[PDB]
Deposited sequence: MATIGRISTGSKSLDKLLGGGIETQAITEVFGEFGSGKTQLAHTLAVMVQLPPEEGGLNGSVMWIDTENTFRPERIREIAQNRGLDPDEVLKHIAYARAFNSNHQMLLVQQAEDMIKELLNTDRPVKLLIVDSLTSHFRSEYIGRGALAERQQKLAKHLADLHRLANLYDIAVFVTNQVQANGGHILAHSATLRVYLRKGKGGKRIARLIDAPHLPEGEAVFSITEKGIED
């Protein structure tokens, strides 16, 4: 089935992405603490709810948080400054905190129930965020022998996420704080320059744009 494309709110980042983040894909944003990964997640959680002629997918959101970094007040701010009702935008975000990596994994199966529920309604789930994809795995699988074990478990988790993306036509968006293998569809390196400015580059994607997008963190989420 045809893929959909969720605008990020930045024309520059959208161009780098070929129009926006894709459904039937896992997009991983990675970078140092403070690089804006969670700001992009918040922004996407609002943008996906817009109609398609405004860069959204009329979609609902599911959000798995591992760092207590979801901020309903930030969603409210972004929504209001984009002409939307903040309470309605919040209503269409289903939120869960993952206690540990095994619970994080189970929450993917839990999520499929709501995905199925909403599928043939006018606001199907179109975005699934995992923020942070890796933090619990880092803390739990550590020391001699852990590289192989951690990579296996993370790959299984990502396979489960790919299945949801592909079976239900969902954009999966995941964050990673940074020679290991990765299995996301597309990896975007983010870094902070100065003030509210951020720079994005696609990694290991030689067939797509080789430049860099630049954007600012604003009351609308992100903008050129």
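Residues 1, 180-185 of the deposited sequence, counted from 1, carry no C-alpha coordinates in the model.
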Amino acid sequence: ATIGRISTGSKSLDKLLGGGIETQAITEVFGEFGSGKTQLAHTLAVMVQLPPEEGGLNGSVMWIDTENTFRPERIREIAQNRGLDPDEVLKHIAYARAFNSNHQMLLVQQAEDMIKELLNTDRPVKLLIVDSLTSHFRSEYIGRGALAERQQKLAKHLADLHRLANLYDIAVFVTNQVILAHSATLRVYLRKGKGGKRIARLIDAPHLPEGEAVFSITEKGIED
From here on, numbers count along this sequence of modelled residues.
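For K11, the record comparison shows coordinates present in all the other entries of this protein that model its neighbours, with no third of them leaving it out. The records show that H207 is omitted from the coordinate set of at least a third of the other eligible entries of this protein. The PDB entry reports B-factors from which the mean C-alpha value can be compared for 165-173 and 151-159; the larger average falls on 151-159. Comparing the deposited coordinates for 48-56 and 195-203, the stretch with the larger average C-alpha B-factor is 195-203. When the C-alpha B-factors of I93, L84, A98, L133 are read from the PDB record, the largest value belongs to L84. Ranked by Cα temperature factor within the chain, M62 sits in the lowest third according to the deposited record. Sorting the modelled residues of the chain by their CA temperature factor places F70 in the middle third.
In the deposited entry, the Cα temperature factor of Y189 places it in the middle third of its chain's modelled residues. Among all modelled residues in this chain, the alpha-carbon of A25 has a temperature factor (C-alpha) in the lowest third.
Per the PDB record, residue ranking by Cα B-factor puts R138 in the middle third of the chain.
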